[PDB]
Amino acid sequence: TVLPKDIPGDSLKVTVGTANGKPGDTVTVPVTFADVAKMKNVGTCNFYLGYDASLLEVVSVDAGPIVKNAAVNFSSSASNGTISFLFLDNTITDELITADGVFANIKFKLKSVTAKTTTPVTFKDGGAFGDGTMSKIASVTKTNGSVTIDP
């Protein structure tokens, strides 16, 4: 039994990808947006991803190619197993996110394990997603990802 609140139709899709490698590898985990135009573009957002720092080292977090003027509009940081993301079109109208694709790329260096291990990279701690008018996007589908480390 489900109700309408449980089943969105239109939603912005925000998806953490997956990666695999062996200890010592550096892999890239993308954060991808879909249905951007449907949802009337993205003008601002902030959110947080959790990861296991005993298994992964954050090497870098960079904006993806859908983000215009990222040096001004995009910020990221990582502390104590949480990666923070913030985007705002600082022109408000002229540098919106208007295309589907990669919003950010996380580079993780893989640490040692004694057996093949899959570790999740997960949404936590709330946030905000605003459309091209900076208004709340009514539905956002957030999908977690992972890294598999195979010794």
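In case it trips you up, residue 1 is the first one in the sequence shown, and so on.
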Of 52-60 and 89-97, the stretch with the higher mean C-alpha B-factor in the deposited entry is 52-60
Which of the two stretches, 113-121 or 98-106, shows the higher mean Cα temperature factor in the record?
113-121
Taking the Cα B-factors listed in the entry, which of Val140, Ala128, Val16, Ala19 comes out highest?
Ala19
Among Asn69, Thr32, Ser84, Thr26, which carries the highest Cα B-factor?
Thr26
CA B-factor ranking of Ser75, expressed as a third of its chain
lowest
Going by what the PDB entry lists, where does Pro4 fall on CA B-factor within its chain: lowest, middle or highest third?
lowest
